[PDB]
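Okay, here's what each chain looks like letter by letter:
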Amino acid sequence: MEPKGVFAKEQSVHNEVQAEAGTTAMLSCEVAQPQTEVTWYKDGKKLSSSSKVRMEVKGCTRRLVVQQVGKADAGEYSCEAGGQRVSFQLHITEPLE
C-alpha cells in the first residue's frame, strides 16, 4: 500500500486554526503521481511579501516551508497539486496576556 492520488497530504496543514502571529508551520508533501503541478495560493490571493517563504524542490519531494511571522500574511492558504486541493485558514489572534 502507498498510492492514494496526487500529492500526499503529509502536510501539517489541513484545518482551521486561530492563533497569535509567530506560529511556525512546515508542509511536507510526497506525491504519488509526478504529474503533480507545483502551485501554492497565498491568503487565497497573491498579495505582497511579508512572512518568510522558501521553496524546496528535489526529485519528487515537494515541500514549502512557511513561517507565520507576518500578521498581514494571515489569510486563506489553498495548496493546489495537479488535481488536488488543500483547505487551511490562518487567523491572527491578539495575545491573551
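The numbering scheme counts residues from 1 along every chain following its written sequence, independent of the entry's numbering, with residues that lack coordinates not shown. Side-chain metrics rest on all non-hydrogen atoms present in the structure, leaving aside hydrogens and water.

Some words on the layout of surface pockets
- Only protein atoms enter the 1 Å grid used here. Points where a 1.4 Å probe fits but cannot escape make up a cavity, open sets with protein on both sides within 12 Å along at least five of seven lines make up a pocket, and a residue lines them when an atom lies within 4 Å of a point. Grid points are joined across faces, edges and corners, and a volume is the space filled by probe spheres set on the points. Size it by volume and the largest pocket reaches roughly 630 Å³.
- Around the largest pocket sit 30 residues that line it, and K42, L64, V66, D73 and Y77 are the ones nearest its centre.
- Strands here are runs of E lasting at least two residues and helices are runs of H or I lasting at least four, both read from the DSSP assignment and numbered beginning at the N terminus. Put simply, the parts of the chain that give the lining of the largest pocket at least two residues each are β1 (16-19), β2 (23-30), β3 (38-41), β4 (52-58) and β5 (61-68).
- In this classification, the charged set is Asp, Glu, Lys and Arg, the nonpolar set is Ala, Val, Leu, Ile, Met, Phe, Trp, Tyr, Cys and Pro, and all remaining amino acids, among them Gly, are polar. Taken together, the residues of the lining of the largest pocket break down into 17 nonpolar, nine polar and four charged.

Quick look at the nonpolar core
- Grouping buried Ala, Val, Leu, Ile, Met, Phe, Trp, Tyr and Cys residues that are joined through side-chain atoms within 4.5 Å yields what is termed a nonpolar core. Only protein chains enter the area calculation, which uses a 1.4 Å probe; residues under 20% of their type maximum are buried, those over 50% are exposed, and those in between are partly exposed. Counting 14 residues, the largest nonpolar core has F7, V13, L27, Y77, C79, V86 and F88 as the members making the most contacts within it.
- Those elements that place two or more of their residues in this core are β2, β5 and β6 (78-81).
- In what follows, a contact means two residues having at least one pair of non-hydrogen atoms within 4.5 Å. Ignoring any residue separated from it by four or fewer positions in sequence, one finds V86 in contact with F7, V13, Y77, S78 and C79.

Comments concerning the sheet that holds β5
- Strands qualify as paired when DSSP identifies two bridges or more between them. Overall, antiparallel pairing links the three strands, which are arranged β2-β5-β4 in an open sheet. With partners counted over all chains shown, the strands left at the sheet margins are β2 and β4, one partner each. The mean angle between the axes of side-by-side strands here comes to 10°, regardless of whether they run parallel or antiparallel.
- The sheet contact formed by β4 and β5 spans seven bridges and is antiparallel. When the sheet's bridge partners are listed, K58 is paired in β5 with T61. Note on geometry: axes are lines fitted to C-alpha atoms, helical ones only across the stretch in contact, with angles between N-to-C directions running from 0 to 180 degrees.

A word on the state of the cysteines
- By disulfide we mean two sulfur atoms from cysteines, separated by a distance within 2.5 Å. The tally for this structure, following the rule as stated, stands at zero disulfides.
- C60 takes part in no disulfide bond, and the closest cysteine sulfur, belonging to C29, lies 8.6 Å away.
- Summary of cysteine pairing: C79 is not part of a disulfide, and the nearest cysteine sulfur, belonging to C29, is at 9.5 Å.
- On the basis of relative accessible area, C79 is assigned to the buried category, the value being 1%.

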